[PDB]
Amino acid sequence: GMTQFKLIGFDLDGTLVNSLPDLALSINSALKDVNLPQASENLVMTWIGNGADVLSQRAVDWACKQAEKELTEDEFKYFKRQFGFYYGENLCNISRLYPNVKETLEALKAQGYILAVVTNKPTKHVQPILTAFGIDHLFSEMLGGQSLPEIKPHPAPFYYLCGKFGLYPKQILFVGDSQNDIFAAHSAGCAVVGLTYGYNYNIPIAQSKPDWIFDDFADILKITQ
């Protein structure tokens, strides 16, 4: 309307949904199944951001070092199957939307913005978690960690949106909570909101220099009309 933006994109974990509690519960149950020590929720948080394989590798590497044990490859595969199972079961157990997320997405949709999710979370979990929280109907595109060959912080997912919706990068506003989001946006040429409530390796979101830094998801409305 009075902005340049046609499409607004969002990360999922740490931006729309506070999923850390269910991720931590799931990963710790799987660690227990391979007789490895369990991690604090802050530690688990620091492994999140780069997809479920990297998350799994960080978990097992930490726990093995803690315990002075190693896993065989078959044990590691087993760990990953159990972690996948538990999480699938706990997608919307302790997890909740961040404050004002649904109301804000509805407002933006009402204004005519195309809305998209771009996350490194496995693609298989994206439509289910959005459906569980009653917001799947608002999104015109939902990209996860297996959806394209390169993922955030590579700008490719942003270029895919430009192509699919017929846009210049400058017509996309992105909303994220980690440097993966902010670096991808800077590289593609998209304006980017950094949220301060999400998962960024214990690093302040200001360090990656987003275009805006917000404590409340509803503040996005102040910059979209």
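Residue indices: 1-based, along the sequence shown.
Look at the mean CA B-factor for 140 to 148 and for 87 to 95 in the entry; the higher one is 87 to 95. As the entry records it, the average C-alpha temperature factor is higher for 68 to 76, out of 98 to 106 and 68 to 76. Split the chain's modelled residues into thirds by C-alpha temperature factor. Residue 202 is in the highest one. Residue 194: CA B factor lies in the middle third for its chain, per the PDB record.
Among all modelled residues in its chain, residue 59 ranks in the middle third by Cα B-factor. When the modelled residues of the chain are ordered by their C-alpha B factor, residue 156 lands in the lowest third. In the PDB entry, a CA B factor belonging to the highest third of its chain's modelled residues is recorded for residue 126.
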